[PDB]
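First the structure, in the form of structure tokens, and then the observations on it.
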Amino acid sequence: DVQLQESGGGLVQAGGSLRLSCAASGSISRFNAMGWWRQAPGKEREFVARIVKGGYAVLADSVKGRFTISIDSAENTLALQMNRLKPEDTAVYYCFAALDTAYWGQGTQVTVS
Amino acid sequence: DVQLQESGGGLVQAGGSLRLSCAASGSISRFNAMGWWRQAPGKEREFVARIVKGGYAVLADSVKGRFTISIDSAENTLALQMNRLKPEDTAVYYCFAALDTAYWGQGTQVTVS
Amino acid sequence: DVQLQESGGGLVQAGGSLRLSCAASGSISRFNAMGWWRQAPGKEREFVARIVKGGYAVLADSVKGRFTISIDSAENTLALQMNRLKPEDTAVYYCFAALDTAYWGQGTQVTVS
Amino acid sequence: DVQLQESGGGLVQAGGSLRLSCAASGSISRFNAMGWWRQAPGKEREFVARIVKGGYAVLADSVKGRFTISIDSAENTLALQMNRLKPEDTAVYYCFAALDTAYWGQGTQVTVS
Amino acid sequence: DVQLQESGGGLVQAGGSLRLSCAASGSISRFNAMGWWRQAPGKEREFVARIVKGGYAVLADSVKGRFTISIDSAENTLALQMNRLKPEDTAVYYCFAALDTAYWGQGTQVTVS
Amino acid sequence: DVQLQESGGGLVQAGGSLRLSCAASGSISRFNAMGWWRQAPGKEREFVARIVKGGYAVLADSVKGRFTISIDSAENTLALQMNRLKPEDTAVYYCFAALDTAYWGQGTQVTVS
Amino acid sequence: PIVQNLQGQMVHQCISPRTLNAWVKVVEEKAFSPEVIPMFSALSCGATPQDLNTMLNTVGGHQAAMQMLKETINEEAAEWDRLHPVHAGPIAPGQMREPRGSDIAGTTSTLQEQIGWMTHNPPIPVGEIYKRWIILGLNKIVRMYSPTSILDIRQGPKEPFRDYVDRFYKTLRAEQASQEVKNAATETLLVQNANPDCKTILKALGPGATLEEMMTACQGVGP
Amino acid sequence: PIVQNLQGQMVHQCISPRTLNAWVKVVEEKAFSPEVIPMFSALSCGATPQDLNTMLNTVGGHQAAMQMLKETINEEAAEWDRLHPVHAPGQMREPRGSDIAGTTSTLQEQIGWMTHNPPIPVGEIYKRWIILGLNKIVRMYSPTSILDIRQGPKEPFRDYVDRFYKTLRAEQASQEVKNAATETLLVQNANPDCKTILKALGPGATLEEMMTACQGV
Amino acid sequence: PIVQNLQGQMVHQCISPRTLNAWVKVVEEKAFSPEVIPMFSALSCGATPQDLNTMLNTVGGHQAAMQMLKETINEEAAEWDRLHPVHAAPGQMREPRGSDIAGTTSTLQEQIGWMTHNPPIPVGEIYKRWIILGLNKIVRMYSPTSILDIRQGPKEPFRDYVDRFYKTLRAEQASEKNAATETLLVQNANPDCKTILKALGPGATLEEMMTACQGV
Amino acid sequence: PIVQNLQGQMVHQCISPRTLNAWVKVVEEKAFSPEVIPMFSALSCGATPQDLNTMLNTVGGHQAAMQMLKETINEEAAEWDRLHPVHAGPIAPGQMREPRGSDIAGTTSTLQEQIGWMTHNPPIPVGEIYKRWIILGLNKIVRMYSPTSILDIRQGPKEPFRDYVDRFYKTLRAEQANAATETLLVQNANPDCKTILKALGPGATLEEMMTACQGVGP
Amino acid sequence: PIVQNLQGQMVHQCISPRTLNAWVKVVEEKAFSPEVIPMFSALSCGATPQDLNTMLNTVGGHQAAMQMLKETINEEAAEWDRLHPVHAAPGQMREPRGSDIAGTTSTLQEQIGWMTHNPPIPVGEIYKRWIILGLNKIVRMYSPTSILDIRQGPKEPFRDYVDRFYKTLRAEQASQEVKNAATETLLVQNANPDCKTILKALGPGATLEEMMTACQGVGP
Amino acid sequence: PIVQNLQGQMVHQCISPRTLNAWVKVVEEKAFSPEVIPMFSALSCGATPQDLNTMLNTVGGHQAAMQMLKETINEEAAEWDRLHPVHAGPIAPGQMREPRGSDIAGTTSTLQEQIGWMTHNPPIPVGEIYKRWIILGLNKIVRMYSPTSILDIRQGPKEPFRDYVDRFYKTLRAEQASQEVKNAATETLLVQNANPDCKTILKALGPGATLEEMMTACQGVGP
């Protein structure tokens, strides 16, 4: 049916930027909403970003000034550009997509140190 | 069903009066119209008087000034009082009544001479 | 269905009072009208009193100043209190009730002497 | 069914008058339209007159000042009175009537010379 | 089905306070109305308090200034706090609850002396 | 059902004119649109002309100044008059008609040299 | 119609589409039941003779009655001419003149002449006069079209007393005539024409019973 | 239409939606039964020529009749031009036939004439021509001649008389059609029993008297 | 009716076609259900006596009731004459008698004169009172059941029983629950429902009772 | 719309609820039958360009036709700009601007601008101009939705002449939105009436033809 | 009602036949659904106390509710008399009692006097407030279902469930300004499994539009 | 609403019963089809904020959409306060002003205040501003409630071309993003989604075909 997988993760310095990308099977315009969550080890799942079809992106307050979310309908990918990274941003990152149910990738690790 | 018969006829002088009466079987209030015709020998049937239920009596022009028609619902009879008789009034007189069809008496003879 | 019976009758002196009572089966509020008649021996049935559901009682003129009619919905009885009795009031007394037809009791005898 | 025949034709001088008549079987009031045509030898059929039921007659321009068309419901005939005849009026004359179809007479000859 | 039982009763001095509690099986929010009655020995059943679902509590006049009724949906209990007790308040106390029919506890004794 | 066939084709000199005709079965007023296409050997099908029912004819740009399309409802034919022919106009010519589907003739050859 | 405007002046106003439809519908649905006549009178408030003729002319069926209405109007119009000979050498002194029978009926009058009479001081109410003649005629039609004589209204075995009483006074109404005939009939026939069960109750009620007392007493009487 | 305003001045008003629907609807239900004509005249109270054409133009069916109406209007227009051949700066004095029909006139010109002193009632004149045409249509659509109306053995006299005067109205295109022959024809075409009763009533009987006499079957 | 114009003056206005049809329709559809009487009062705003007679006369059916209304009007008219017998005065109009208030012996112009006088003699409002008295009697006559005959069915939702109780109470009083009714409403309730209402104690509002018996 | 008030001044008034429903119902019930067009003109009396756009926008169905109407309006708007570039005015002293095509169509104009032109002395009748364009577009739609060609209208052999003539002139009205029609009317008639119609001659009125053909068998 | 005429003066006008029928019909067709209350308030524009009572009195059914309305009016009237107990000629009557506001002891002319005074005593608006308070209570009693019992079916479109959820919530609180955080919380908790995962993934602060779009599809 | 009176002054008038029923019925019958929105705009002519809320509050069903409308209104109100803080003013100066987001929406304003702003010179048109917010909210709905994507509209095998074309532009109207920038849905979609037979006719039509030319060509293509 629909499988999605994140990529672009790695190890970055404090004070850095990174651009994460969430690849979707099929056409991205068919999804009615997509977004990003993150969890740091031992911490409760934290909300990062959401984009709903026909909708302006809404971002979390801990990232509001910095990160940006984009959609490439040509390449069928939903990108999250991360800038001004802090050491506390080290966490496990998950993408989500909405169709007949919610589908998640397995996540990509982002490490700031 | 319904049988009616005239009476009161006879021989009168020129310049006289007579009162004819038309007897009805049953109640006179059941008839929807009654009246009087006359025919003189050799002459076409001539119209004399009519009374329709709920209606004012209407009289012929040759008699308009004189004769009168009355109804006695008590005695069940319809009377025609003839006054100021002239010799041409000698004629055969017939009464008529209206129910499911028109019924006639056989008539009473009036002779002015 | 519905049976009613009068009681309280007897022999009274001229110039006296008595209270007649008319017992009803069932509930008295179901009757739409009730009342009282009397007949003296050899005399035509004479009208005495009537009460119609939702109505003020109306009394005959020969009794208008005196007798009173009452209803006890608790005891299911319709009472007629007779006062200032005259010798002419000796008569046979009947009660009546109105439902699907008119029902009568057999009557109670009242004798003034 | 319906047969019609013209009459009244003959030989007339230049500068004369004639009255043609078109006889109809039955009653003329049953026809919904009637009229007159003429043809001169070697010439195309020429239109003369028409009367439609409930309608005022309409006349051709070559005849407009002169001829008249009439209907006699009493005699059941449709008449065309021709006045101020010219030598060019010599022609064969036909009547027509309209019912379930159009019916024609065989015509009457009019000769001006 | 539904069983309720009072508690908190005992012996108190004139001029004192006490808090009675009425325990309910199930959830208290399912009852559509609850309340309190009391009866003193030899005296007619007297009304004390009522609380209806969605409703402000209404109290009797002999207690209006004093007693208070409360609901603990967490503990599923309906409490009546009694203050400024008088010797006349010695009586037998009953709680009631309303569902598909009315249910009562067996009561708790309150004695002021 | 509906068969149409072109005619009038042949060999013409550069700088010449020709009038092609497209014959239709039935009545030409029943077609909702008709027109003309051409294809030269080795070249993609090229659009020439169209007439839609109730519509003014529209012509291609490569011919706009010259050819004319006509309809003869009397003769049931749709004519295309070609003038100022060029050597490049040598091609295979097809007519089309629109009813329940689109119908084509087999074509007529036009050769300019 | 002629109405008063907020300015306080009496002016002509076109008959409303609502008014026109209402009259046609009442005739179509109720025919010449007696309640039609008060509606005509209510719907024709302020009408000119033209408006009244318009209302009558818009009736599509029932043309026998409407022709009867013309005869009644003509009879009443002729008596007007007889009682108001209003014959004299024409003054022509800037006042209008001569309301005639045919003028009241809108046959020989212009709308402006009709408005002139109705708006004169003193007013000549040609609309109100014509309405009387029309209503007299309609009254005659209602009586003629009464389907049943009052003597033939008799309570059915299963008819609720109320329904019989409804039929009785409805029939009495179409036949019209005086209230004196009404109260006579009421005692002579309403009890006599009642069904066996009600009559025993009504007979048992005694003299002087009100309609209310009779109807309550007979409330039940089976169905 | 042209109506009176509170100031007392005659002003133009757009034709109302209630009026428009009413005219269209009456045509749908009654077609050209004679009673339509009094309704047209009443619904067009105060109408401009434009308004009258609008009412006629909004009728969707019956286009054969409407084409006849246009022809009838055109016949009357020609007689107008012929009877008023007349052909200054202040007011325009010349309405033509085609101006009265709203074909060559502007609404303001139509309003100017209707509100002039003295008034030139182009609306009333045009309505007269339109009603003349409608009268012809009503006659054409009369399904039966008065000669074919005869009371059945079981027809109540009232129902026969209703049929008689309904037919008489359409073939005459007018309600007042009681020529002496109608009186004669009503009796001649009556059923056997009623006719004897009517004959016995004599001359000068009112319709009421004839119908009362015949209330027995 | 009599209405106020922009000039501020009280003038007569023809009864409206909408009003006439509305009254006829309410009688045809609702008969003499109690709510008809408030509608008559609302529909007859500003009415002359003539207008009121028009409304009553345009009713086609229910002529038995209408005859009862006529009897009641005549009774009320006689009492008016009895209490104001003199007229049974140049600067002043005449004094209206019973028959003048009912529009039987008065002209529209006379009715307008009284209603628009200063001080107003409200002949229309007086007649409306008499008409409403008659309609009240009619509403009672057509009440099919006495309130004493209203008893809750065993499975009838309390709300539906209460609806029947107060509908009947409204019609038989032609109206304004006293301690009597209060007592009767509980006594005629269903068995399980009764226990809840008795346990509520004295002074329970209808709102509290209907919620309390929710669940039955 | 812009209407006259009792004081005699022309003021804007909101479009009535009755008018809006009347137009919607007429489109729902009559679609694009020719009689719709005169109703639009009557229902849109005094309309501003906004009101006309409101009425068209209130139509729920028939959006293919409505897209066609926009095309016709844009074509008509362009011809206005071409014939009236009207940029001539040096500057507008006390006069507003000259209405452009898009201003007449209500696309670039405000209601207040529309009211200004319509209430000017002398008036610039932007409402009447736009209504003309709309009617031109609707006329084309009515023709497109005509179900039968006039050349193809056939009298049945047993069809009463009146019923055929009704069908004939209904179609002619939509396709026109001449005497050759008269000729076609006779030619397409059944045989018996044709002989009668041929026999009537020149100058026959429609009334005379229909009266003549009264009966025509059935 | 009291309305302004072209002259600008506030004058009494009879209640219209259209208004009367509209109120009667809305009760017949919608019963005591919450939307009745905004219609009552809108239809009673400019109403005198008499007019408001007329509208309530012309309702034929639902007499249990109407008696409840009378109780609520009487309770509110008592608080008025208690808050403005003042008793006592300024040549203009200034004092209105609770029963005068309710139209029981006041004449139409008295009602017109207060409403048309400068400054106005809006007895119609005050009475309407009490009546609306009563009607609100009736609407809650007639709410057939608790908000806790609305749960999305396995095949119920999210849009249809949301309609049921906010329809019930409006009746149980007699108003629509009820989106507390608990209501939000309950909408997700009572949603079906597939939608809920999607709604959970949307995060906090999601608009209703975003939730419904997100749950668009969801199979059925 | 606010209307002009004969005196020329802008005065409040009660919302009419005809208007109220008209709006309720349009929602019941048409739901949130796009043609509803222009009617709301026409029916709410001259409305105060109170009147607009009345119209929205009288809608009985569709409570999911109405809650969405409240959110959109609330978003727009907040943006108003942020963009127009206009927090500066003195109370005593003869000219009372204070529009806020909640005041424009009728939540914190009285009817008299709403009339005051709307009838001021210069006017602060709180009614038109609120109507803008309401229509924006209605615009978002209908888009949401469009049942079909334009890509899934395809001519049926037997569907007359006109009925398919009607459906095509109806769906395009809903979700009217980039109005007149649709370009026949890139031209390709109108033909590609056409029936086999129609496409051949349309394909044979060539470049430059008008909608009129396409629809005529495909007339009689199927039942």
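Residues in the structure tokens are numbered from 1 in each chain, the chains being A, B, ... in the order shown, and ligands are numbered from 1 in the order shown.
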Let's have chain F fitted on chain A; use all the C-alpha atoms paired in order for the least-squares step and return it as a JSON list (two decimals) with C-alpha atoms, in the first residue's frame.
```
[["chain", "number", "residue", "atom", "x", "y", "z"],
["F", 1, "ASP", "CA", -0.01, 0.02, -0.02],
["F", 2, "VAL", "CA", 1.99, 3.00, 1.28],
["F", 3, "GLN", "CA", 5.55, 2.87, 2.66],
["F", 4, "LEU", "CA", 7.55, 5.97, 3.64],
["F", 5, "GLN", "CA", 11.24, 6.25, 4.75],
["F", 6, "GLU", "CA", 13.32, 9.16, 6.15],
["F", 7, "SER", "CA", 16.93, 9.95, 5.21],
["F", 8, "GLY", "CA", 19.57, 12.62, 5.57],
["F", 9, "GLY", "CA", 20.38, 11.96, 9.21],
["F", 10, "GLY", "CA", 23.75, 11.99, 10.86],
["F", 11, "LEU", "CA", 26.03, 13.69, 13.37],
["F", 12, "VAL", "CA", 26.29, 17.47, 13.37],
["F", 13, "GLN", "CA", 27.99, 20.01, 15.58],
["F", 14, "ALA", "CA", 26.23, 22.24, 18.06],
["F", 15, "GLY", "CA", 25.32, 25.38, 16.21],
["F", 16, "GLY", "CA", 24.80, 23.68, 12.84],
["F", 17, "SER", "CA", 22.24, 22.92, 10.16],
["F", 18, "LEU", "CA", 20.98, 19.79, 8.40],
["F", 19, "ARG", "CA", 18.29, 18.97, 5.85],
["F", 20, "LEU", "CA", 16.19, 15.84, 6.45],
["F", 21, "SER", "CA", 14.08, 14.28, 3.72],
["F", 22, "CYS", "CA", 11.05, 12.00, 3.90],
["F", 23, "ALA", "CA", 10.51, 9.89, 0.77],
["F", 24, "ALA", "CA", 6.96, 8.73, -0.08],
["F", 25, "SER", "CA", 5.71, 5.97, -2.35],
["F", 26, "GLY", "CA", 3.38, 7.08, -5.00],
["F", 27, "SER", "CA", 2.56, 10.75, -5.48],
["F", 28, "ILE", "CA", 2.83, 13.05, -2.48],
["F", 29, "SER", "CA", -0.21, 15.10, -3.50],
["F", 30, "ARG", "CA", -2.42, 12.12, -2.61],
["F", 31, "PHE", "CA", -1.65, 12.31, 1.12],
["F", 32, "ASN", "CA", -4.10, 14.49, 3.02],
["F", 33, "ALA", "CA", -1.60, 15.43, 5.74],
["F", 34, "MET", "CA", 2.06, 14.76, 6.51],
["F", 35, "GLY", "CA", 4.45, 15.77, 9.24],
["F", 36, "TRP", "CA", 7.36, 15.09, 11.57],
["F", 37, "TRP", "CA", 7.76, 13.87, 15.13],
["F", 38, "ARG", "CA", 10.86, 13.28, 17.24],
["F", 39, "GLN", "CA", 11.66, 11.42, 20.44],
["F", 40, "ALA", "CA", 14.72, 11.72, 22.45],
["F", 41, "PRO", "CA", 15.95, 8.67, 24.40],
["F", 42, "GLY", "CA", 14.08, 8.41, 27.69],
["F", 43, "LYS", "CA", 11.80, 11.39, 26.79],
["F", 44, "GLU", "CA", 8.16, 11.36, 25.74],
["F", 45, "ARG", "CA", 7.33, 11.54, 22.04],
["F", 46, "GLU", "CA", 7.56, 15.21, 21.07],
["F", 47, "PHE", "CA", 5.64, 16.91, 18.25],
["F", 48, "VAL", "CA", 7.67, 18.65, 15.55],
["F", 49, "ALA", "CA", 5.74, 19.62, 12.38],
["F", 50, "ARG", "CA", 2.53, 19.04, 10.35],
["F", 51, "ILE", "CA", 1.32, 19.98, 6.83],
["F", 52, "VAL", "CA", -2.31, 19.30, 5.86],
["F", 53, "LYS", "CA", -3.44, 19.20, 2.21],
["F", 54, "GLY", "CA", -4.24, 22.72, 1.10],
["F", 55, "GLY", "CA", -2.69, 24.04, 4.25],
["F", 56, "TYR", "CA", 0.05, 26.21, 5.58],
["F", 57, "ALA", "CA", 2.61, 24.45, 7.68],
["F", 58, "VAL", "CA", 2.47, 24.82, 11.43],
["F", 59, "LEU", "CA", 5.60, 24.36, 13.53],
["F", 60, "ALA", "CA", 6.30, 23.60, 17.17],
["F", 61, "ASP", "CA", 7.37, 26.39, 19.53],
["F", 62, "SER", "CA", 10.77, 24.81, 20.41],
["F", 63, "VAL", "CA", 11.67, 25.04, 16.69],
["F", 64, "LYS", "CA", 9.36, 27.84, 15.49],
["F", 65, "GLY", "CA", 12.15, 30.25, 14.70],
["F", 66, "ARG", "CA", 14.35, 27.76, 12.83],
["F", 67, "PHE", "CA", 13.35, 24.59, 10.97],
["F", 68, "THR", "CA", 11.39, 24.69, 7.71],
["F", 69, "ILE", "CA", 9.25, 22.02, 6.06],
["F", 70, "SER", "CA", 8.92, 21.74, 2.31],
["F", 71, "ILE", "CA", 7.17, 19.67, -0.29],
["F", 72, "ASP", "CA", 8.55, 18.69, -3.67],
["F", 73, "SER", "CA", 5.66, 17.34, -5.69],
["F", 74, "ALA", "CA", 8.05, 16.76, -8.60],
["F", 75, "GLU", "CA", 10.40, 14.50, -6.59],
["F", 76, "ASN", "CA", 7.58, 13.19, -4.33],
["F", 77, "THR", "CA", 9.43, 14.06, -1.14],
["F", 78, "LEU", "CA", 8.68, 16.11, 1.97],
["F", 79, "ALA", "CA", 11.79, 17.91, 3.25],
["F", 80, "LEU", "CA", 12.54, 19.31, 6.71],
["F", 81, "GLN", "CA", 15.50, 21.69, 6.75],
["F", 82, "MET", "CA", 16.90, 22.08, 10.24],
["F", 83, "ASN", "CA", 19.00, 25.12, 11.03],
["F", 84, "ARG", "CA", 20.57, 26.58, 14.17],
["F", 85, "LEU", "CA", 20.69, 23.13, 15.73],
["F", 86, "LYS", "CA", 21.15, 22.91, 19.48],
["F", 87, "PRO", "CA", 22.73, 20.08, 21.50],
["F", 88, "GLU", "CA", 19.28, 19.28, 22.91],
["F", 89, "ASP", "CA", 18.10, 18.55, 19.37],
["F", 90, "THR", "CA", 19.88, 15.19, 19.49],
["F", 91, "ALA", "CA", 16.95, 12.79, 19.30],
["F", 92, "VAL", "CA", 15.31, 10.13, 17.17],
["F", 93, "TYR", "CA", 13.26, 11.64, 14.32],
["F", 94, "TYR", "CA", 10.15, 10.05, 12.71],
["F", 95, "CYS", "CA", 8.09, 11.18, 9.67],
["F", 96, "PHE", "CA", 4.30, 10.55, 9.39],
["F", 97, "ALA", "CA", 1.73, 10.58, 6.53],
["F", 98, "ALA", "CA", -2.10, 10.50, 6.61],
["F", 99, "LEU", "CA", -4.25, 8.53, 4.11],
["F", 100, "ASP", "CA", -6.65, 5.71, 5.06],
["F", 101, "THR", "CA", -4.76, 5.57, 8.35],
["F", 102, "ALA", "CA", -1.55, 7.13, 9.65],
["F", 103, "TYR", "CA", 1.70, 5.65, 8.31],
["F", 104, "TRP", "CA", 5.16, 6.18, 9.82],
["F", 105, "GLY", "CA", 8.72, 5.63, 8.73],
["F", 106, "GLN", "CA", 11.16, 3.88, 11.02],
["F", 107, "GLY", "CA", 13.08, 7.11, 11.61],
["F", 108, "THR", "CA", 16.52, 8.63, 11.12],
["F", 109, "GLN", "CA", 18.93, 9.52, 13.92],
["F", 110, "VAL", "CA", 20.03, 13.15, 14.43],
["F", 111, "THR", "CA", 22.91, 13.75, 16.87],
["F", 112, "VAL", "CA", 24.15, 17.19, 17.97],
["F", 113, "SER", "CA", 27.40, 17.32, 19.98]]
```
Item to complete: Select all residues from chain J having any atom no more than 9 Å from an atom of chain F (counting only C-alpha atoms, ignoring ligands), output as a VMD selection string.
Response: chain J and resid 143 to 144 149 151 to 152
Discussion item. Quick one: residues within 8 Å of residue 130 in chain H, only C-alpha atoms, excluding same-chain residues fewer than 3 positions away - as a list in words?
Written reply: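 Counting only C-alpha atoms, the residues come to residues 69, 72, 73, 126, 127, 133 and 134 of chain H.
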Worksheet item: Would you give me, as a PyMOL selection string, the residues in range 12-188 of chain J that DSSP reads as helix (DSSP H, G or I)?
Response: chain J and resi 17-30+36-43+49-57+63-83+101-104+111-118+126-144+150-152+161-176+179-187
Practice prompt. Using CA of residue 72 in chain G and CA of residue 158 in chain H as the two end points, give the distance in Å to one decimal.
Written response: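 Computing the Euclidean distance for CA of residue 72 in chain G and CA of residue 158 in chain H yields 17.5 Å.
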Excluding residue 119 in chain J and any residue of its chain fewer than 4 positions from it, enumerate the residues within 10 Å of it, using only C-alpha atoms, and give them as a short mmCIF file (atom, residue, chain, number, x, y, z; two decimals) with N, CA and C atoms, in the first residue's frame.
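New file around.cif:
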```cif
data_model
loop_
_atom_site.label_atom_id
_atom_site.label_comp_id
_atom_site.auth_asym_id
_atom_site.auth_seq_id
_atom_site.Cartn_x
_atom_site.Cartn_y
_atom_site.Cartn_z
N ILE J 2 -30.91 49.96 -8.47
CA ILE J 2 -31.04 51.40 -8.24
C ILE J 2 -32.50 51.71 -8.51
N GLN J 9 -35.53 60.63 -5.46
CA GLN J 9 -34.11 60.40 -5.66
C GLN J 9 -33.83 58.93 -5.92
N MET J 10 -32.85 58.67 -6.78
CA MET J 10 -32.47 57.32 -7.15
C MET J 10 -31.49 56.79 -6.11
N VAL J 11 -31.86 55.71 -5.42
CA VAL J 11 -31.05 55.16 -4.34
C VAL J 11 -30.85 53.68 -4.60
N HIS J 12 -29.77 53.13 -4.04
CA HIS J 12 -29.53 51.70 -4.14
C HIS J 12 -30.44 51.00 -3.15
N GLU J 113 -18.59 52.58 -7.05
CA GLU J 113 -18.30 53.10 -8.39
C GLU J 113 -19.46 52.86 -9.35
N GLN J 114 -20.05 51.66 -9.29
CA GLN J 114 -21.19 51.33 -10.13
C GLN J 114 -22.35 52.27 -9.85
N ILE J 115 -22.63 52.52 -8.57
CA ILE J 115 -23.67 53.47 -8.17
C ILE J 115 -23.35 54.88 -8.66
N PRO J 123 -26.57 60.09 -16.80
CA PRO J 123 -26.25 58.74 -16.35
C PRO J 123 -25.45 57.94 -17.37
N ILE J 124 -24.49 57.18 -16.86
CA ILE J 124 -23.72 56.20 -17.62
C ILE J 124 -24.31 54.84 -17.28
N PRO J 125 -25.13 54.26 -18.14
CA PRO J 125 -25.94 53.10 -17.70
C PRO J 125 -25.19 51.77 -17.74
#
```
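Between CA of residue 158 in chain K and CA of residue 64 in chain L lies a distance of 10.0 Å.
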Worksheet item: In Å to one decimal, how far is CA of residue 133 in chain J from CA of residue 99 in chain J?
Response: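 Going from CA of residue 99 in chain J over to CA of residue 133 in chain J, I get 14.9 Å.
Across I:216, I:47, I:59, I:101, the tightest approach to residue 88 in chain I is made by I:101 when counting only C-alpha atoms.
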Discussion item. Applying 9 Å and only C-alpha atoms, which residues near range 133-145 of chain K remain after dropping the ones on its own chain fewer than 3 positions away? List them as number ranges by chain.
Written reply: I: 207, 210-211; K: 32-34, 36-37, 65-66, 68-73, 128-130, 148-150, 168, 170-175
Going by DSSP on the backbone, which residues of chain K come out as strand (DSSP E or B)? List them as a PDB file with N, CA, C and O atoms, in the first residue's frame.
```
ATOM      1  N   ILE K   2     -42.409  47.354  17.950  1.00  0.00           N
ATOM      2  CA  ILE K   2     -42.238  48.796  17.865  1.00  0.00           C
ATOM      3  C   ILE K   2     -41.219  49.004  16.770  1.00  0.00           C
ATOM      4  O   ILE K   2     -40.091  48.505  16.887  1.00  0.00           O
ATOM      5  N   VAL K   3     -41.564  49.766  15.738  1.00  0.00           N
ATOM      6  CA  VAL K   3     -40.603  49.946  14.669  1.00  0.00           C
ATOM      7  C   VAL K   3     -40.464  51.424  14.373  1.00  0.00           C
ATOM      8  O   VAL K   3     -41.289  52.252  14.766  1.00  0.00           O
ATOM      9  N   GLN K   4     -39.402  51.732  13.652  1.00  0.00           N
ATOM     10  CA  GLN K   4     -39.135  53.066  13.146  1.00  0.00           C
ATOM     11  C   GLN K   4     -39.822  53.258  11.799  1.00  0.00           C
ATOM     12  O   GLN K   4     -39.742  52.386  10.932  1.00  0.00           O
ATOM     13  N   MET K  10     -40.567  56.160  16.559  1.00  0.00           N
ATOM     14  CA  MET K  10     -40.794  54.780  16.962  1.00  0.00           C
ATOM     15  C   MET K  10     -42.286  54.594  17.194  1.00  0.00           C
ATOM     16  O   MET K  10     -42.875  55.251  18.065  1.00  0.00           O
ATOM     17  N   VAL K  11     -42.906  53.713  16.412  1.00  0.00           N
ATOM     18  CA  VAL K  11     -44.342  53.523  16.493  1.00  0.00           C
ATOM     19  C   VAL K  11     -44.623  52.042  16.660  1.00  0.00           C
ATOM     20  O   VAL K  11     -43.821  51.181  16.287  1.00  0.00           O
ATOM     21  N   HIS K  12     -45.776  51.755  17.248  1.00  0.00           N
ATOM     22  CA  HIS K  12     -46.223  50.381  17.373  1.00  0.00           C
ATOM     23  C   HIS K  12     -46.767  49.923  16.031  1.00  0.00           C
ATOM     24  O   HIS K  12     -47.346  50.708  15.274  1.00  0.00           O
TER      25      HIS K  12
END
```
Fill in: Contacts of range 153-157 of chain H at 10 Å (only C-alpha atoms; same-chain gap of 2+ positions) as an NGL selection string
:H and (150-151 or 159-163 or 190-194 or 210-217)
Fill in: Residue nearest chain J - candidates H:146, H:37, H:10, H:205, atoms counted: only C-alpha atoms
H:10
Worksheet item: Taking only C-alpha atoms into account, which residues of chain K are within 9 Å of chain I, as a ChimeraX atom specification?
Response: /K:5-7,9,11-18,20-21,51,54-55,57-65,67-68,71,137-138,141
